[PDB]
Amino acid sequence: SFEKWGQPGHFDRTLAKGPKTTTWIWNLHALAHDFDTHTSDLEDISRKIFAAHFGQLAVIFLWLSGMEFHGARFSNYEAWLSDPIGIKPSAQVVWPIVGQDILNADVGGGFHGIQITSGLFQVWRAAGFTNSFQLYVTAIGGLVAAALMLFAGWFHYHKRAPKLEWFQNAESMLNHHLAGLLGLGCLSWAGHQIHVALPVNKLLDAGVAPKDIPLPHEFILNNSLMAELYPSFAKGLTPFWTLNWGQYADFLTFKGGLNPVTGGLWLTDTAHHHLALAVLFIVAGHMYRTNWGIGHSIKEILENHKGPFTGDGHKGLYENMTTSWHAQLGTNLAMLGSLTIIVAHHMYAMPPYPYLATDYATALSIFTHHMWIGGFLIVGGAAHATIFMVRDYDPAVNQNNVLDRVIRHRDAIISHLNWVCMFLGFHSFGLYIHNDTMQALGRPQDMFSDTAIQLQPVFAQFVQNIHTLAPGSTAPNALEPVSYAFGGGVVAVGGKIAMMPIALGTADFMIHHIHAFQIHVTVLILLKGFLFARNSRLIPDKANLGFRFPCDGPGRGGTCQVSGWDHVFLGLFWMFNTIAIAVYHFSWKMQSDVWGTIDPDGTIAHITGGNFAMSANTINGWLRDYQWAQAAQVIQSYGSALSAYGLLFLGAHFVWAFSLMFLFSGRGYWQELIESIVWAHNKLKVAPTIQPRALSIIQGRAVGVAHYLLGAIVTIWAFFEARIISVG
Amino acid sequence: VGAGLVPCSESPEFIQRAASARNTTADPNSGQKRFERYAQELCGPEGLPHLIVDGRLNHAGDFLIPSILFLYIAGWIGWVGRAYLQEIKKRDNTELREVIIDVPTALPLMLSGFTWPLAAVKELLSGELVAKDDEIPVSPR
Amino acid sequence: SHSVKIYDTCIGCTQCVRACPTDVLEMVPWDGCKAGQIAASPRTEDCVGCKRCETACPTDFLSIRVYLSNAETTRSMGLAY
Amino acid sequence: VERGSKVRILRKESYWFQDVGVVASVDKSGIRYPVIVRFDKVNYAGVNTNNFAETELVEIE
Amino acid sequence: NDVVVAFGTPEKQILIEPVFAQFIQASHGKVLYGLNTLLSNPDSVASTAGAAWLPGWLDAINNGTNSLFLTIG
Amino acid sequence: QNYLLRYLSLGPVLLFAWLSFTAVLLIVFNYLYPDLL
Ligand SMILES: CC1=C(/C=C/C(C)=C/C=C/C(C)=C/C=C/C=C(C)/C=C/C=C(C)/C=C/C2=C(C)CCCC2(C)C)C(C)(C)CCC1
Ligand SMILES: CC1=C(C/C=C(/C)CCC[C@H](C)CCC[C@H](C)CCCC(C)C)C(=O)c2ccccc2C1=O
Ligand code: SF4
Ligand code: SF4
Numbered sequence: 025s026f027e028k029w030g031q032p033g034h035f036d037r038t039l040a041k042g043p044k045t046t047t048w049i050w051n052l053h054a055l056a057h058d059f060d061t062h063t064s065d066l067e068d069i070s071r072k073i074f075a076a077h078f079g080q081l082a083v084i085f086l087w088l089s090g091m092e093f094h095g096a097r098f099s100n101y102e103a104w105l106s107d108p109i110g111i112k113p114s115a116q117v118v119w120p121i122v123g124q125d126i127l128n129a130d131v132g133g134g135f136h137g138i139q140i141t142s143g144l145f146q147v148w149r150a151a152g153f154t155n156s157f158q159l160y161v162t163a164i165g166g167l168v169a170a171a172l173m174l175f176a177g178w179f180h181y182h183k184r185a186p187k188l189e190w191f192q193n194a195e196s197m198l199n200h201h202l203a204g205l206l207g208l209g210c211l212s213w214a215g216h217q218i219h220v221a222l223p224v225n226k227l228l229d230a231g232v233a234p235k236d237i238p239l240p241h242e243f244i245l246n247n248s249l250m251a252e253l254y255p256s257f258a259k260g261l262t263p264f265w266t267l268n269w270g271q272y273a274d275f276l277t278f279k280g281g282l283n284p285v286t287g288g289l290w291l292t293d294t295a296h297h298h299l300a301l302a303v304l305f306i307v308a309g310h311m312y313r314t315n316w317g318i319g320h321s322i323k324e325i326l327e328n329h330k331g332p333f334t335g336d337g338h339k340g341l342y343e344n345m346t347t348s349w350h351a352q353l354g355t356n357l358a359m360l361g362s363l364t365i366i367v368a369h370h371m372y373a374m375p376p377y378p379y380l381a382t383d384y385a386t387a388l389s390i391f392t393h394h395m396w397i398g399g400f401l402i403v404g405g406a407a408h409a410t411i412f413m414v415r416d417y418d419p420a421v422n423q424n425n426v427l428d429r430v431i432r433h434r435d436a437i438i439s440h441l442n443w444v445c446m447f448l449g450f451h452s453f454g455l456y457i458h459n460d461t462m463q464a465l466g467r468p469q470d471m472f473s474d475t476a477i478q479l480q481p482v483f484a485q486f487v488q489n490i491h492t493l494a495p496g497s498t499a500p501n502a503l504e505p506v507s508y509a510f511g512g513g514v515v516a517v518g519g520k521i522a523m524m525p526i527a528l529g530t531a532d533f534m535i536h537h538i539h540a541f542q543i544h545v546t547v548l549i550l551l552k553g554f555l556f557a558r559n560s561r562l563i564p565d566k567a568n569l570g571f572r573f574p575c576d577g578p579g580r581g582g583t584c585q586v587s588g589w590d591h592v593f594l595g596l597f598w599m600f601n602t603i604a605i606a607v608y609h610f611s612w613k614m615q616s617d618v619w620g621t622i623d624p625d626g627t628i629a630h631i632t633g634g635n636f637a638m639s640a641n642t643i644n645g646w647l648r649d650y651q652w653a654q655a656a657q658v659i660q661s662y663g664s665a666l667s668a669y670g671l672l673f674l675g676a677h678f679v680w681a682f683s684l685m686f687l688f689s690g691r692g693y694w695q696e697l698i699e700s701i702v703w704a705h706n707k708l709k710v711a712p713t714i715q716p717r718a719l720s721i722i723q724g725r726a727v728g729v730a731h732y733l734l735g736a737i738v739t740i741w742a743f744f745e746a747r748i749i750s751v752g
Numbered sequence: 024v025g026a027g028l029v030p031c032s033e034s035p036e037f038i039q040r041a042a043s044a045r046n047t048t049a050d051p052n053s054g055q056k057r058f059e060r061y062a063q064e065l066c067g068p069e070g071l072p073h074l075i076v077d078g079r080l081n082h083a084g085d086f087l088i089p090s091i092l093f094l095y096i097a098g099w100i101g102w103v104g105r106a107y108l109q110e111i112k113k114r115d116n117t118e119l120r121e122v123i124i125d126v127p128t129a130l131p132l133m134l135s136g137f138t139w140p141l142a143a144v145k146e147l148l149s150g151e152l153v154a155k156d157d158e159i160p161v162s163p164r
Numbered sequence: 001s002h003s004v005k006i007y008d009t010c011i012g013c014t015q016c017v018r019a020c021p022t023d024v025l026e027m028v029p030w031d032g033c034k035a036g037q038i039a040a041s042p043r044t045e046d047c048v049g050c051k052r053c054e055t056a057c058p059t060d061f062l063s064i065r066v067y068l069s070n071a072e073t074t075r076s077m078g079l080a081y
Numbered sequence: 002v003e004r005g006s007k008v009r010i011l012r013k014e015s016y017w018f019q020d021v022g023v024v025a026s027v028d029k030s031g032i033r034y035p036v037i038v039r040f041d042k043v044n045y046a047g048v049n050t051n052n053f054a055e056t057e058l059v060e061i062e
Numbered sequence: 444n445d446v447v448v449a450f451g452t453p454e455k456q457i458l459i460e461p462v463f464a465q466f467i468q469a470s471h472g473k474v475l476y477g478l479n480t481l482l483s484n485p486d487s488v489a490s491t492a493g494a495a496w497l498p499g500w501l502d503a504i505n506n507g508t509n510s511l512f513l514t515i516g
Numbered sequence: 008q009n010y011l012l013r014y015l016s017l018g019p020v021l022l023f024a025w026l027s028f029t030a031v032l033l034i035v036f037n038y039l040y041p042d043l044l
């Protein structure tokens, strides 16, 4: 059964005939997945989505198991086990041929290779991993499960495929997922934690012979060692039968802070955390109505909430949330993006793994990675919102609803929005350049820091304060503050900082305000494309014509770039700016007044020396006092054994300029040059039958923006990777 | 071979580098050997050799035969490509097979590029390489 | 407003008259080919410059052209304000 | 030059000027452009078929 | 050049050397390279020509210490 | 059957095939005698 692949265009009737010109190639890679553009049926669509999801999960399992396997046979884990400080983890040993021989990343113990930065060993310092053979079995299990569920997808598409009413039970969906998936998985992981994790963590305090430490089978029914610690953990005393839980104060506690013997927090808090979450959203997810004639009729809740300003409230919204798919796609994407960036903005003050704040390399890598993904996908959420607007709507089921009530007064909204953006924009940046001029003008008293004209963000200070003294009264059964950047003592280990309180002076003001500024303009562009998607004050045929089209002729002057995804083009440029300066700010502060070295007096000698109070106020200072440090080694960071990785930062500029080439130029020029080369080739009887044709302007715009983004992000990650290598 | 360039045999800095010349590959003689192979050319103050291109037998073969090798292989590949293209059109399945290569036919054409130069010379003398300015109908202007 | 230009290659499929949203065309009686009625521009003053019309002209070297002038006004520029 | 003969073109502005096409249908009516020729090389959207006045065509063979 | 030097071995990297400008340089009358041609050959047929005050010009050009046709690479 | 090549001969898969062939070609001469200059 192999007679079927090499029949291209199997899904489209038009491009199935033959490749007249090169255009036929391009569209082949463009319409391979939007099968909503293939028929009007839906069960087929849903089945395709299921199978694709299974395939994605399969590649997930594959790559994670393979990365394990590399971690088992080519990673200095079990030597780095006994010492997580004096050894830097590595993997991917270099192949000894011409060109890659000097790149032996030797990290002590003779182990060459590649000094990695992804902190998987940190998980492998919490999971309590002794020997690589169990890990070998783990990879085998991962890959076999991958193949298993792939076979399952094949079966559920080719032999027994689900029916159509199987789709729209969002009630049972929420119930099953919320409760069974999340709660059961979380409580199972907590059970694994208490049984194995903290025992071996105890056993990792003084060199207690890791492999000699017994295996879980020595604790499944062997409660003796389990009765050594935690006297209540004899069996459990099972006082839950007696409803008494005071005995369990041994392991299931509440400390809430840094544990200076683990490089992370107190794991017991995380275990009790997971317990509480498990049962909490179990009883939550038991809410909605199902097959027992009991529960909320959720399509009536939204009917109730209306009023004077509401119009008619949230009436008629489920046809949108189930009949169409792009809606759900967009909203869930936006939510995930936001969630991810708060995760990023979160796990640098509460490190949840062992040896995190003490390891000053994996932190910002993880941070920036997740932060980039967040935006990079929330813009896509907004794009799919717009594609819903153009693909799915209804004039009938959308009378006066809270939806329709904005599309009727969009002009006021967007006008006031533009107003706000202009205001904030110059109110911040022109102020900045004003201070710039003053410093360059021998008028230093007209500066704006503490030593000059004043402004102080009292609100952040007061909120941090009221957070400082929280325990005792707001948190009686709590020992230490939630973090130590708000308040508390400077927590550390060795000559190496873990967390100190962070200071907010004057420079914070304009930075946060320009953050808000760019977010405002981003929303402006995206929402503008959103509202003005179907009908503009000049183009009343937009939705009547599509959302992916270049222009509408030189009428009314010009009209090029009047679709919506060009709006999201401009938006993605802007969000690039946003996140770039955001990571600039984060890195510079957390290397300027949070991180460095320490003396026996707890004397934090930071890396840079507090440069914001000195230079992060004028533009010329911002280039001097940031990239002077961020590159002064990359010029010479090559030229020895553990340096030879000449980085492609020198290389990314080229792709950047090659990028911008595509933007500024039209296409007819290239078409004519093509025709001349064709003339020559035809004169020498080598004319390619398939007649080449230049790119379409939207295609060229896309490749230009793609190359632009690629070059920029490659440049910046090269920058701070080498910068951390210079200190980590 | 003038311009103030010392022979790579007796350039002191050349052997100075050669001493701790970082032996690249998995064989200890790698570096030293190559430096020994670099005595024929003539170094300079930079300690590294420049190449002279004149047909002058001091460095003639160090540039001529690679050029001729490239000409050989480029002629072969261009010749076999043009021949394949010419052949395809006598099938009336032109753009069907433009993406599906007919291997049982694509092989012997590749294997039969042995005598491309002189055969091409023949097609030059026979005039079997160009079509006529007006017969070629590709309209300019 | 702008100027319109007509030719002889009008086959008479009349896809342009159904494409222009600006009412600047009409098929006046002709005799030459099987068309018998050839397109023309009677109401140029409402020309817009969208030139969606010749994109609807299938004839080789499409039979209609528009010479985009310079005497624009509030009508030719198309403003609701 | 009959129905099914290969001829080149004399019309100057033609995209296939001097190019050879086959006379698909010999019309000879009162229209100024009787001859219907078919090509395979594509201009805009493939107008490989067109009409001309046969006072603008010349055969090859 | 970039990759070859990016491995630590610069000797595996190509160095060209222009000589046409060298020949024209000496042929105008430069002696630095010692080719004895056309005012580097003080006895050729044209070696009794040029300016009728070419001695000072020769003192100047031989003194390539200033910006007068500097060597190349 | 042997029909697989009928459905393996696509060009793209054949591209990478030929390119990798030529690549290992270039390697072996650079792998066996990378010591001739
Ligand atoms: C984020 C992320 C990630 C991760 C993920 C994860 C980590 C997940 C998780 C998941 C999980 C963690 C899951 C779990 C699950 C579980 C469950 C779902 C359970 C259930 C259970 C049950 C069902 C039970 C049953 C039973 C038994 C067993 C006995 C008898 C009785 C009964 C029947 C009850 C990754 C890397 C991928 C990617 C990136 C991102
Ligand atoms: C270069 C360029 C072209 C040229 C058009 C094309 C199609 C050039 C593409 C050339 C080929 C398709 C690139 C192939 C890339 C591969 C690396 C080539 C490998 C081929 C061999 C290995 C077989 C445009 O048509 C254009 C249009 C509008 C705005 C900007 C531009 C623009 O910048
Ligand atoms: S211009 Fe086009 S649409 Fe108008 S009559 Fe002629 S062929 Fe028909
Ligand atoms: S732009 Fe074209 S379609 Fe519009 S009025 Fe002018 S001629 Fe008619």
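Residue numbers (the entry's author numbering), protein chains in the order written: chain A, 25 to 752; chain F, 24 to 164; chain C, 1 to 81; chain V, 2 to 62; chain B, 444 to 516; chain J, 8 to 44.
No residue lacks a Cβ here, since even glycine has one placed at the ideal position from N, Cα and C.
Quiz item: If we count the other Cβ atoms within 10 Å of its Cβ and call it buried at 16 or more, is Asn425 of chain A buried or exposed?
Solution: Buried is the call here.
Quiz item: For chain V, is any of its Cβ atoms less than 8 angstroms away from the one on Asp157 of chain F?
Solution: Interface flag for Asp157 of chain F against chain V is set, since a Cβ pair is found closer than 8 angstroms.
Quiz item: In or out: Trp598 of chain A buried (at least 16 other Cβ within 10 Å) or exposed?
Solution: For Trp598 of chain A, the number of other beta carbons within 10 angstroms of its own is at least 16, and it is reported as buried.
Quiz item: What does a CB cutoff of less than 7 angstroms around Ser114 of chain A pick up in its chain, not counting 5 residues either side in sequence?
Solution: Counting only Cβ-Cβ distances below 7 angstroms, and skipping sequence neighbours, we find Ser99, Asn100, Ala129, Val131, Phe135, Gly137, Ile138, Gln139 and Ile140.
Quiz item: Near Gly752 of chain A, what residues of its chain come up, given a Cβ to Cβ distance below 7 angstroms and the 5 sequence neighbours on each side ignored?
Solution: Short of 7 angstroms from the beta carbon of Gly752 of chain A, and not among the five residues preceding or following it, lie these beta carbons of its own chain, in chain order: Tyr384 and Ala385.
Self-check item: Identified DSSP bridge partners for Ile10 of chain V
Solution: Among the bridge pairs identified by DSSP, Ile10 of chain V is matched with V:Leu58.
Quiz item: On the three-state DSSP scale, how would you describe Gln488 of chain A?
Solution: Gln488 of chain A falls in the helix class under three-state DSSP.
Quiz prompt | Per-residue burial, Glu146 of chain F [other beta carbons within 10 Å of its own, 16 or more giving buried] | solution = By the neighbour-count criterion, in which a residue is buried when 16 or more other Cβ atoms sit within 10 angstroms of its Cβ, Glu146 of chain F is exposed.
Quiz item: Helix or strand or just coil, what does DSSP make of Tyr38 of chain J?
Solution: Residue state for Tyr38 of chain J is assigned as helix, using DSSP reduced to three classes.
Practice problem: Return the first residue and the last residue of the alpha helix (DSSP H) that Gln15 of chain C is part of. | Solution: Segment: none, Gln15 of chain C is in no alpha helix (DSSP H) and carries neither H nor E.
Practice problem: Sort out for me which residues DSSP pairs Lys520 of chain A with in a bridge. | Solution: Paired residue(s): A:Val517.
Quiz item: Any heavy atom of ligand 4 within a distance shorter than 7 angstroms of the CB on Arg580 of chain A?
Solution: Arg580 of chain A: no, Cβ never under 7 angstroms from ligand 4.
Quiz prompt | Burial state of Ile64 of chain C (16 or more Cβ within 10 Å) | solution = Buried, by the Cβ-count rule.
Practice problem: Assuming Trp680 of chain A contacts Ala736 of chain A (C-beta within less than 8 angstroms), just tell me the rounded distance between them. | Solution: Their Cβ separation, rounded to whole angstroms, is 7 angstroms, which keeps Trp680 of chain A and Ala736 of chain A in contact under 8 angstroms.
Quiz prompt | Cα-Cα separation between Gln469 of chain A and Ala637 of chain A, rounded to whole angstroms | solution = The straight-line gap from Cα to Cα measures roughly 15 angstroms.
Self-check item: Where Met27 of chain C meets chain A, residues with beta-carbon distance less than 8 angstroms
Solution: For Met27 of chain C, there are no C-beta contacts with chain A under 8 angstroms, since the nearest C-beta of that chain is about 23 angstroms from it.
Quiz item: Could you give the C-beta distance for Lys520 of chain A and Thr627 of chain A, rounded to a whole number, given that I count them as a contact under 8 angstroms?
Solution: So it is not a contact: roughly 12 angstroms between Cβ atoms.
Exercise. For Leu562 of chain A, decide whether its Cβ has a neighbour in chain C, counting only Cβ atoms nearer than 8 angstroms.
Key: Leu562 of chain A has a beta carbon lying within less than 8 angstroms of a beta carbon in chain C.
Practice problem: For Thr583 of chain A, I'd like the list of residues in its chain whose CB is within less than 6 angstroms of its CB, leaving aside the five on either flank, ordered along the chain. | Solution: If we look at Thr583 of chain A and ignore the five residues flanking it on each side, its Cβ neighbours are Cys575 and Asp576.
Quiz prompt | Exposed unless 16 or more other CB atoms sit within 10 angstroms - verdict on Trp148 of chain A | solution = Burial of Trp148 of chain A is indicated by the presence of at least 16 other C-beta atoms within 10 angstroms of its C-beta.
Practice problem: Decide if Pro378 of chain A is buried, meaning its Cβ has at least 16 other Cβ atoms within 10 Å, or exposed. | Solution: Here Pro378 of chain A is buried, its C-beta having at least 16 other C-beta atoms within 10 Å.
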